[PDB]
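Chemist: So the protein lines, in turn, are chains A and B.
The number in UniProt numbering is simply the position in the first sequence, starting from 1, with 410 added.
The number in UniProt numbering is simply the position in the second sequence, starting from 1, with 398 added.
Each residue gets a CB set at the ideal place from its N, CA and C atoms; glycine is no exception.
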Amino acid sequence: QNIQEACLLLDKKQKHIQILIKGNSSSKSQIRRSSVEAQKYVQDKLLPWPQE
Amino acid sequence: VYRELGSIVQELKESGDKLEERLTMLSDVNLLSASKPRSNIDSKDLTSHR
């Protein structure tokens, strides 16, 4: 029973690992997107004010 | 920063608009000094016509 329980535990852990992997890949893409959004805001909304 | 700059532009714009309105008013021909009386009697001068 212990061996079986342990096997389940290993499987759960394995799932978490798979989630974290995906999670970290997504976070990386998000960081790139978030960076592009802040730059776009400065270019489209702030830089045009000195001329006005 | 965007909100603050926006307020300054609005204040300058309102002041600018009000100035243009006043200049337009002061440039009215009827307010401008003693144009040499008109040689012709104005239609509104009923006394001279009479």
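Using a Cβ cut-off of 8 Å (strictly closer), state whether A:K455 contacts chain B.
Modeler: Stepping through the first sequence from its first residue, residue 455 of chain A is reached at position 45. Yes, contact with chain B.
Chemist: Give the C-beta separation of A:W459 and B:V407 to the nearest angstrom, bearing in mind that I take them to be a contact with Cβ-Cβ under 8 Å.
Modeler: Reading the first sequence from its first residue, position 49 is the one you call residue 459 of chain A. Reading the second sequence from its first residue, position 9 is the one you call residue 407 of chain B. Right, the Cβ-Cβ distance comes to about 7 Å (below 8 Å), so this counts as a contact.
Chemist: Can you pull out the residues from the segment 428 to 462 of chain A whose beta carbon lies closer than 9 Å to at least one beta carbon of chain B?
Modeler: Going along the segment 428 to 462 of chain A in chain order, one finds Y451, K455, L456, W459, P460, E462 with a Cβ nearer than 9 Å to chain B.
Chemist: Counting only Cβ pairs nearer than 9 Å, list the residues of chain A close to B:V407.
Modeler: Here residue 407 of chain B refers to the residue found at position 9 of the second sequence. Residues of chain A passing the Cβ test: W459, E462.
Chemist: I need the straight-line Cα distance from A:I441 to B:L417, nearest angstrom please.
Modeler: As a position in the first sequence, residue 441 of chain A is number 31, starting the count at 1. As a position in the second sequence, residue 417 of chain B is number 19, starting the count at 1. Distance between the alpha carbons of A:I441 and B:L417 is about 49 Å.
Chemist: Which residues, in chain order, does the segment 414 to 447 of chain B contribute to contact with chain A at a C-beta distance below 7 Å?
Modeler: Hits within the stretch: zero.
Chemist: Our contact map puts B:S446 next to B:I439 with C-beta atoms below 8 Å; I'd like the distance itself, whole angstroms only.
Modeler: Counting from 1 along the second sequence, the entry for residue 446 of chain B is found at position 48. Counting from 1 along the second sequence, the entry for residue 439 of chain B is found at position 41. Indeed, because the Cβ distance is near 5 Å, the residues count as touching under 8 Å.
Chemist: Residue range of the alpha helix (DSSP H) that A:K425 falls in?
Modeler: Locating residue 425 of chain A in the first sequence gives position 15, where the first residue counts as 1. Where A:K425 is concerned, the enclosing alpha helix (DSSP H) stretches over 412 to 451.
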